[PDB]
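Shown here: entry-v2.cif, mmCIF, C-alpha atoms; chains and numbers go by the auth columns.
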```
data_input
#
loop_
_atom_site.group_PDB
_atom_site.id
_atom_site.type_symbol
_atom_site.label_atom_id
_atom_site.label_comp_id
_atom_site.label_asym_id
_atom_site.label_seq_id
_atom_site.Cartn_x
_atom_site.Cartn_y
_atom_site.Cartn_z
_atom_site.B_iso_or_equiv
_atom_site.auth_seq_id
_atom_site.auth_asym_id
ATOM 1 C CA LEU A 1 11.945 27.824 21.790 0.00 3 A
ATOM 2 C CA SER A 2 13.858 27.811 18.468 0.00 4 A
ATOM 3 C CA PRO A 3 12.996 30.006 15.450 0.00 5 A
ATOM 4 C CA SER A 4 11.882 26.878 13.614 0.00 6 A
ATOM 5 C CA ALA A 5 9.537 25.762 16.392 0.00 7 A
ATOM 6 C CA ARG A 6 8.128 29.279 16.576 0.00 8 A
ATOM 7 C CA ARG A 7 7.606 29.313 12.821 0.00 9 A
ATOM 8 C CA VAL A 8 5.688 26.041 12.829 0.00 10 A
ATOM 9 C CA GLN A 9 3.621 27.267 15.783 0.00 11 A
ATOM 10 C CA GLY A 10 2.658 30.477 13.982 0.00 12 A
ATOM 11 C CA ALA A 11 1.799 28.387 10.931 0.00 13 A
ATOM 12 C CA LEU A 12 -0.484 26.143 12.993 0.00 14 A
ATOM 13 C CA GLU A 13 -2.321 29.154 14.431 0.00 15 A
ATOM 14 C CA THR A 14 -2.660 30.884 11.047 0.00 16 A
ATOM 15 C CA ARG A 15 -4.387 27.713 9.830 0.00 17 A
ATOM 16 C CA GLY A 16 -6.870 27.726 12.715 0.00 18 A
ATOM 17 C CA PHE A 17 -5.165 24.826 14.516 0.00 19 A
ATOM 18 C CA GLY A 18 -3.654 26.906 17.294 0.00 20 A
ATOM 19 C CA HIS A 19 -4.581 24.339 19.928 0.00 21 A
ATOM 20 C CA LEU A 20 -1.816 22.030 18.644 0.00 22 A
ATOM 21 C CA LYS A 21 1.428 22.945 20.445 0.00 23 A
ATOM 22 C CA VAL A 22 4.971 22.666 19.133 0.00 24 A
ATOM 23 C CA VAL A 23 7.204 20.999 21.715 0.00 25 A
ATOM 24 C CA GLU A 24 10.983 21.247 22.055 0.00 26 A
ATOM 25 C CA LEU A 25 13.084 18.236 22.988 0.00 27 A
ATOM 26 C CA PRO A 26 16.615 18.115 24.489 0.00 28 A
ATOM 27 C CA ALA A 27 19.519 18.966 22.222 0.00 29 A
ATOM 28 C CA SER A 28 20.726 15.338 21.894 0.00 30 A
ATOM 29 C CA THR A 29 17.725 14.526 19.809 0.00 31 A
ATOM 30 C CA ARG A 30 18.059 13.852 16.066 0.00 32 A
ATOM 31 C CA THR A 31 16.706 10.419 15.006 0.00 33 A
ATOM 32 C CA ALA A 32 13.039 9.424 14.935 0.00 34 A
ATOM 33 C CA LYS A 33 13.699 6.797 17.593 0.00 35 A
ATOM 34 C CA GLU A 34 15.049 9.412 20.014 0.00 36 A
ATOM 35 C CA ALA A 35 12.094 11.745 19.443 0.00 37 A
ATOM 36 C CA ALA A 36 9.470 9.067 20.097 0.00 38 A
ATOM 37 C CA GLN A 37 10.999 7.877 23.371 0.00 39 A
ATOM 38 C CA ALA A 38 11.119 11.427 24.773 0.00 40 A
ATOM 39 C CA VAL A 39 7.355 11.859 24.347 0.00 41 A
ATOM 40 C CA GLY A 40 6.460 8.245 25.083 0.00 42 A
ATOM 41 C CA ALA A 41 5.291 7.290 21.584 0.00 43 A
ATOM 42 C CA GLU A 42 6.172 4.376 19.291 0.00 44 A
ATOM 43 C CA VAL A 43 8.431 5.136 16.356 0.00 45 A
ATOM 44 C CA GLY A 44 5.560 4.303 14.016 0.00 46 A
ATOM 45 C CA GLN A 45 3.746 7.348 15.374 0.00 47 A
ATOM 46 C CA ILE A 46 6.421 9.752 14.158 0.00 48 A
ATOM 47 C CA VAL A 47 5.505 11.441 10.891 0.00 49 A
ATOM 48 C CA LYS A 48 8.262 11.997 8.317 0.00 50 A
ATOM 49 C CA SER A 49 7.467 14.750 5.790 0.00 51 A
ATOM 50 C CA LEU A 50 9.291 13.624 2.643 0.00 52 A
ATOM 51 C CA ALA A 51 9.411 15.944 -0.382 0.00 53 A
ATOM 52 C CA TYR A 52 10.152 14.730 -3.940 0.00 54 A
ATOM 53 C CA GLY A 53 10.309 16.331 -7.357 0.00 55 A
ATOM 54 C CA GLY A 54 8.787 15.450 -10.707 0.00 56 A
ATOM 55 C CA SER A 55 8.543 16.986 -14.162 0.00 57 A
ATOM 56 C CA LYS A 56 5.010 17.999 -13.197 0.00 58 A
ATOM 57 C CA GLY A 57 5.862 19.607 -9.857 0.00 59 A
ATOM 58 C CA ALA A 58 6.815 18.718 -6.265 0.00 60 A
ATOM 59 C CA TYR A 59 4.846 16.423 -3.917 0.00 61 A
ATOM 60 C CA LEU A 60 4.674 15.709 -0.188 0.00 62 A
ATOM 61 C CA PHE A 61 4.670 12.264 1.426 0.00 63 A
ATOM 62 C CA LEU A 62 3.871 11.726 5.102 0.00 64 A
ATOM 63 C CA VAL A 63 5.345 8.373 6.158 0.00 65 A
ATOM 64 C CA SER A 64 5.130 6.421 9.383 0.00 66 A
ATOM 65 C CA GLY A 65 8.413 6.465 11.268 0.00 67 A
ATOM 66 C CA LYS A 66 8.448 2.656 11.089 0.00 68 A
ATOM 67 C CA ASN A 67 8.210 2.507 7.284 0.00 69 A
ATOM 68 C CA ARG A 68 10.336 3.542 4.350 0.00 70 A
ATOM 69 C CA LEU A 69 8.707 5.065 1.268 0.00 71 A
ATOM 70 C CA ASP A 70 8.162 2.746 -1.682 0.00 72 A
ATOM 71 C CA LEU A 71 9.075 5.090 -4.532 0.00 73 A
ATOM 72 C CA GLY A 72 7.427 2.641 -6.906 0.00 74 A
ATOM 73 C CA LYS A 73 3.947 3.132 -5.438 0.00 75 A
ATOM 74 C CA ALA A 74 4.558 6.832 -4.881 0.00 76 A
ATOM 75 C CA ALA A 75 5.232 7.250 -8.621 0.00 77 A
ATOM 76 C CA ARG A 76 2.344 5.216 -10.073 0.00 78 A
ATOM 77 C CA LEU A 77 0.244 7.257 -7.690 0.00 79 A
ATOM 78 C CA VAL A 78 1.741 10.572 -8.775 0.00 80 A
ATOM 79 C CA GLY A 79 1.896 9.509 -12.429 0.00 81 A
ATOM 80 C CA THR A 80 5.485 10.571 -13.143 0.00 82 A
ATOM 81 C CA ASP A 81 9.007 9.610 -12.159 0.00 83 A
ATOM 82 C CA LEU A 82 10.082 11.089 -8.854 0.00 84 A
ATOM 83 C CA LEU A 83 13.536 12.034 -7.836 0.00 85 A
ATOM 84 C CA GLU A 84 15.374 13.043 -4.760 0.00 86 A
ATOM 85 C CA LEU A 85 15.525 16.765 -4.041 0.00 87 A
ATOM 86 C CA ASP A 86 18.740 18.326 -2.824 0.00 88 A
ATOM 87 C CA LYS A 87 19.073 20.530 0.256 0.00 89 A
ATOM 88 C CA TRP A 88 18.550 23.812 -1.543 0.00 90 A
ATOM 89 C CA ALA A 89 15.290 22.881 -3.225 0.00 91 A
ATOM 90 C CA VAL A 90 13.956 21.326 -0.019 0.00 92 A
ATOM 91 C CA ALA A 91 14.453 24.613 1.847 0.00 93 A
ATOM 92 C CA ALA A 92 13.303 26.656 -1.156 0.00 94 A
ATOM 93 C CA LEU A 93 10.026 24.718 -1.392 0.00 95 A
ATOM 94 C CA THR A 94 9.152 23.994 2.237 0.00 96 A
ATOM 95 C CA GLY A 95 10.945 26.861 3.946 0.00 97 A
ATOM 96 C CA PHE A 96 12.696 24.450 6.302 0.00 98 A
ATOM 97 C CA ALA A 97 15.920 22.408 6.300 0.00 99 A
ATOM 98 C CA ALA A 98 15.965 18.703 5.360 0.00 100 A
ATOM 99 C CA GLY A 99 15.799 16.515 8.436 0.00 101 A
ATOM 100 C CA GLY A 100 13.258 18.811 10.070 0.00 102 A
ATOM 101 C CA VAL A 101 10.526 19.373 7.463 0.00 103 A
ATOM 102 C CA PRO A 102 7.062 19.941 9.053 0.00 104 A
ATOM 103 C CA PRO A 103 3.807 18.938 7.274 0.00 105 A
ATOM 104 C CA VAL A 104 2.598 22.568 7.109 0.00 106 A
ATOM 105 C CA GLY A 105 3.918 26.126 6.866 0.00 107 A
ATOM 106 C CA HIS A 106 5.492 25.667 3.431 0.00 108 A
ATOM 107 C CA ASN A 107 6.422 28.510 1.075 0.00 109 A
ATOM 108 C CA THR A 108 5.044 26.334 -1.717 0.00 110 A
ATOM 109 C CA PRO A 109 1.843 24.390 -0.858 0.00 111 A
ATOM 110 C CA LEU A 110 2.364 20.802 -2.034 0.00 112 A
ATOM 111 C CA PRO A 111 -0.083 18.058 -3.092 0.00 113 A
ATOM 112 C CA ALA A 112 0.155 15.478 -0.283 0.00 114 A
ATOM 113 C CA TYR A 113 -0.201 11.785 0.528 0.00 115 A
ATOM 114 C CA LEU A 114 -0.535 9.995 3.867 0.00 116 A
ATOM 115 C CA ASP A 115 0.875 6.559 4.735 0.00 117 A
ATOM 116 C CA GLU A 116 -2.276 4.614 5.672 0.00 118 A
ATOM 117 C CA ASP A 117 -0.427 3.134 8.659 0.00 119 A
ATOM 118 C CA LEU A 118 -0.554 6.552 10.343 0.00 120 A
ATOM 119 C CA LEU A 119 -4.357 6.315 10.633 0.00 121 A
ATOM 120 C CA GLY A 120 -3.556 3.346 12.856 0.00 122 A
ATOM 121 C CA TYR A 121 -3.011 5.461 15.966 0.00 123 A
ATOM 122 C CA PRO A 122 -5.073 7.729 18.258 0.00 124 A
ATOM 123 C CA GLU A 123 -2.471 10.435 17.663 0.00 125 A
ATOM 124 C CA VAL A 124 0.848 11.001 15.879 0.00 126 A
ATOM 125 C CA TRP A 125 3.846 13.333 16.255 0.00 127 A
ATOM 126 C CA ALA A 126 5.089 15.469 13.355 0.00 128 A
ATOM 127 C CA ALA A 127 8.310 17.454 13.029 0.00 129 A
ATOM 128 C CA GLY A 128 8.390 21.031 14.323 0.00 130 A
ATOM 129 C CA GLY A 129 11.019 22.610 12.071 0.00 131 A
ATOM 130 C CA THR A 130 14.074 20.807 13.455 0.00 132 A
ATOM 131 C CA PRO A 131 14.961 17.256 14.544 0.00 133 A
ATOM 132 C CA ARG A 132 14.250 18.269 18.152 0.00 134 A
ATOM 133 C CA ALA A 133 10.751 19.730 17.749 0.00 135 A
ATOM 134 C CA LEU A 134 7.427 17.920 17.466 0.00 136 A
ATOM 135 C CA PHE A 135 3.735 18.638 17.815 0.00 137 A
ATOM 136 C CA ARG A 136 1.060 16.021 18.223 0.00 138 A
ATOM 137 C CA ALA A 137 -2.227 15.716 16.404 0.00 139 A
ATOM 138 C CA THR A 138 -4.739 13.007 15.612 0.00 140 A
ATOM 139 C CA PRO A 139 -4.580 11.550 12.085 0.00 141 A
ATOM 140 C CA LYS A 140 -7.891 13.282 11.386 0.00 142 A
ATOM 141 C CA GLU A 141 -6.365 16.675 12.159 0.00 143 A
ATOM 142 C CA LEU A 142 -3.206 15.898 10.207 0.00 144 A
ATOM 143 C CA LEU A 143 -5.420 15.173 7.184 0.00 145 A
ATOM 144 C CA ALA A 144 -7.459 18.348 7.692 0.00 146 A
ATOM 145 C CA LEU A 145 -4.231 20.358 7.927 0.00 147 A
ATOM 146 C CA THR A 146 -2.483 18.874 4.930 0.00 148 A
ATOM 147 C CA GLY A 147 -5.520 17.990 2.829 0.00 149 A
ATOM 148 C CA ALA A 148 -3.579 14.806 2.200 0.00 150 A
ATOM 149 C CA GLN A 149 -4.972 11.828 0.351 0.00 151 A
ATOM 150 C CA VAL A 150 -4.795 8.571 2.330 0.00 152 A
ATOM 151 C CA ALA A 151 -2.614 6.012 0.578 0.00 153 A
ATOM 152 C CA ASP A 152 -0.613 2.803 0.639 0.00 154 A
ATOM 153 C CA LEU A 153 2.983 4.039 0.423 0.00 155 A
ATOM 154 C CA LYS A 154 5.459 1.838 2.324 0.00 156 A
ATOM 155 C CA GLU A 155 7.685 -0.986 1.168 0.00 157 A
ATOM 156 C CA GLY A 156 6.187 -4.402 1.883 0.00 158 A
#
```
Can you present the structure in this file as structure tokens?
Amino acid sequence: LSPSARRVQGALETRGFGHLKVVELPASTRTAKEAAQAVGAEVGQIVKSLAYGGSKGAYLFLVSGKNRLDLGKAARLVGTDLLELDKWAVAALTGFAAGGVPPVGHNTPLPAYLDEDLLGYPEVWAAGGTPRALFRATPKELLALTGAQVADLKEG
């Protein structure tokens, strides 16, 4: 198991959610579609942990794998303009590299929001530190872990 996977696992245990297990998929895995097939889930069940910056501070957005973030709603919700964060800041804030950001274990705890469509499943799969690592959890757990606020975030 990769250093990233191990890091997310330790983070889950330190939070009291040690029963959730980080899983490692075949090197040949890098898109959300690939990840979902490997574990038998729909792409909408994959959770993307998107980080953005604002003059206030940085925020976290958990989006269904089948939706793309509507920056318009995200901003009126946050109350400030939001802009893309480069690679360096993403790692500096979360402690992980873009493309594999998990919803927990961040160096900087971030206010969070959860795509209401994710509550639509019995369980979802979040990133485990790299494109080829995931861990499943029910939406209820994801919310308890992130302390995220449920919200309407996708483009319609």
Looking at only C-alpha atoms, which of A:130, A:81, A:122, A:149 is the one that sits closest to residue A:66?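 With only C-alpha atoms as the atom set, the closest residue is A:122.
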Write out as a list in words each polymer residue whose atoms come within 8 Å of residue A:102, counting only C-alpha atoms; drop sequence neighbours fewer than 2 positions from it. residues 98, 99, 100, 104, 129, 130, 131, 132 and 133 of chain A
Which residue of A:22, A:117, A:96, A:82 approaches residue A:57 most closely, using only C-alpha atoms: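 Closest to residue A:57 of all the choices is A:82.
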Kindly indicate which residue among A:146, A:14, A:52, A:25 lies nearest to residue A:87, using all atoms listed in the file for the distances.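 Among the listed residues, A:52 lies closest to residue A:87.
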Nearest candidate to residue A:113 (options A:53, A:85, A:92, A:155; using all atoms listed in the file): A:53
For stretch 101-147 of chain A of the block above, can you save N, CA and C atoms as a compact mmCIF listing (two decimals), in the first residue's frame?
```txt
# COMPACT_ATOMS: atom_id res chain seq x y z
N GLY A 101 -5.57 15.77 -7.92
CA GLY A 101 -5.89 14.55 -8.64
C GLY A 101 -6.15 13.42 -7.66
N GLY A 102 -5.63 13.56 -6.44
CA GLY A 102 -5.82 12.52 -5.43
C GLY A 102 -6.24 13.02 -4.05
N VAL A 103 -6.73 14.25 -3.98
CA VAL A 103 -7.14 14.84 -2.71
C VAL A 103 -8.27 14.08 -1.97
N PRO A 104 -8.01 13.66 -0.73
CA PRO A 104 -8.99 12.94 0.09
C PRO A 104 -9.84 13.97 0.83
N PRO A 105 -11.00 13.57 1.38
CA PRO A 105 -11.85 14.53 2.10
C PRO A 105 -11.47 14.73 3.57
N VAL A 106 -10.35 14.15 4.00
CA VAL A 106 -9.89 14.28 5.38
C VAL A 106 -8.37 14.17 5.41
N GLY A 107 -7.77 14.39 6.58
CA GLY A 107 -6.32 14.32 6.71
C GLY A 107 -5.59 15.53 6.16
N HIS A 108 -6.23 16.69 6.17
CA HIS A 108 -5.60 17.89 5.63
C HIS A 108 -4.74 18.64 6.64
N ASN A 109 -3.70 19.30 6.16
CA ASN A 109 -2.81 20.06 7.05
C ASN A 109 -3.60 21.26 7.56
N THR A 110 -4.47 21.78 6.70
CA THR A 110 -5.32 22.91 7.01
C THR A 110 -6.79 22.47 6.92
N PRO A 111 -7.48 22.38 8.06
CA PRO A 111 -8.89 21.97 8.06
C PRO A 111 -9.67 23.02 7.28
N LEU A 112 -10.51 22.57 6.35
CA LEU A 112 -11.26 23.49 5.49
C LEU A 112 -12.78 23.41 5.64
N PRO A 113 -13.46 24.58 5.57
CA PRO A 113 -14.92 24.58 5.69
C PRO A 113 -15.35 23.72 4.49
N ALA A 114 -16.37 22.88 4.64
CA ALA A 114 -16.76 22.03 3.51
C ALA A 114 -18.23 22.02 3.11
N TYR A 115 -18.46 21.63 1.86
CA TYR A 115 -19.80 21.52 1.30
C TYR A 115 -19.95 20.20 0.56
N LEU A 116 -21.15 19.63 0.62
CA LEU A 116 -21.42 18.33 0.00
C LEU A 116 -22.55 18.33 -1.02
N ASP A 117 -22.19 17.99 -2.26
CA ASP A 117 -23.12 17.88 -3.39
C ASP A 117 -24.29 17.02 -2.93
N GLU A 118 -25.48 17.61 -2.84
CA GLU A 118 -26.66 16.87 -2.38
C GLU A 118 -26.90 15.54 -3.10
N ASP A 119 -26.43 15.42 -4.34
CA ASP A 119 -26.61 14.18 -5.08
C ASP A 119 -25.88 13.00 -4.45
N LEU A 120 -24.87 13.28 -3.63
CA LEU A 120 -24.13 12.20 -2.98
C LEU A 120 -24.98 11.49 -1.92
N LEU A 121 -25.92 12.22 -1.32
CA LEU A 121 -26.79 11.62 -0.30
C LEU A 121 -27.72 10.62 -0.97
N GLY A 122 -27.70 10.63 -2.31
CA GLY A 122 -28.55 9.74 -3.08
C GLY A 122 -28.15 8.27 -3.11
N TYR A 123 -27.04 7.91 -2.48
CA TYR A 123 -26.63 6.51 -2.49
C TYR A 123 -26.47 5.92 -1.10
N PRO A 124 -26.44 4.58 -1.01
CA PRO A 124 -26.28 3.87 0.26
C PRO A 124 -24.83 3.98 0.74
N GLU A 125 -23.94 4.26 -0.20
CA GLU A 125 -22.53 4.44 0.12
C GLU A 125 -21.81 5.08 -1.06
N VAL A 126 -20.70 5.76 -0.78
CA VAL A 126 -19.91 6.43 -1.81
C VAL A 126 -18.43 6.10 -1.62
N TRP A 127 -17.63 6.36 -2.65
CA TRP A 127 -16.19 6.10 -2.61
C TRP A 127 -15.39 7.38 -2.79
N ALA A 128 -14.56 7.70 -1.80
CA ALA A 128 -13.73 8.89 -1.82
C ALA A 128 -12.29 8.53 -2.13
N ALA A 129 -11.52 9.51 -2.57
CA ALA A 129 -10.12 9.30 -2.93
C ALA A 129 -9.22 8.99 -1.72
N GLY A 130 -8.25 8.10 -1.91
CA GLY A 130 -7.37 7.72 -0.83
C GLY A 130 -5.95 8.27 -0.88
N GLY A 131 -5.76 9.45 -1.47
CA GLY A 131 -4.43 10.03 -1.53
C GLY A 131 -3.79 10.00 -2.91
N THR A 132 -4.33 9.17 -3.80
CA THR A 132 -3.82 9.06 -5.16
C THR A 132 -5.00 8.63 -6.03
N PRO A 133 -4.86 8.74 -7.36
CA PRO A 133 -5.95 8.35 -8.25
C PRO A 133 -6.36 6.89 -8.08
N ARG A 134 -5.43 6.05 -7.65
CA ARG A 134 -5.69 4.63 -7.49
C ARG A 134 -5.97 4.13 -6.07
N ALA A 135 -6.53 5.00 -5.22
CA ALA A 135 -6.86 4.62 -3.86
C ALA A 135 -8.22 5.20 -3.50
N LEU A 136 -9.05 4.38 -2.87
CA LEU A 136 -10.40 4.79 -2.49
C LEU A 136 -10.75 4.12 -1.17
N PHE A 137 -11.77 4.66 -0.51
CA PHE A 137 -12.26 4.08 0.72
C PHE A 137 -13.74 4.39 0.67
N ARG A 138 -14.57 3.44 1.06
CA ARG A 138 -16.00 3.68 1.00
C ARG A 138 -16.55 4.11 2.34
N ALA A 139 -17.69 4.79 2.29
CA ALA A 139 -18.35 5.25 3.49
C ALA A 139 -19.75 5.62 3.09
N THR A 140 -20.67 5.67 4.05
CA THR A 140 -22.03 6.07 3.73
C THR A 140 -22.00 7.59 3.77
N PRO A 141 -22.94 8.25 3.09
CA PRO A 141 -22.98 9.71 3.09
C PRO A 141 -23.02 10.27 4.50
N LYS A 142 -23.70 9.55 5.40
CA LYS A 142 -23.82 9.99 6.78
C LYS A 142 -22.44 10.08 7.43
N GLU A 143 -21.61 9.07 7.19
CA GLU A 143 -20.26 9.05 7.73
C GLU A 143 -19.44 10.15 7.10
N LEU A 144 -19.52 10.28 5.78
CA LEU A 144 -18.77 11.31 5.08
C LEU A 144 -19.05 12.67 5.72
N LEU A 145 -20.32 12.94 6.01
CA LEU A 145 -20.72 14.20 6.64
C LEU A 145 -20.17 14.33 8.05
N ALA A 146 -20.15 13.23 8.80
CA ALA A 146 -19.65 13.25 10.17
C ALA A 146 -18.14 13.49 10.17
N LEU A 147 -17.47 12.98 9.15
CA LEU A 147 -16.02 13.10 9.00
C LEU A 147 -15.60 14.51 8.62
```
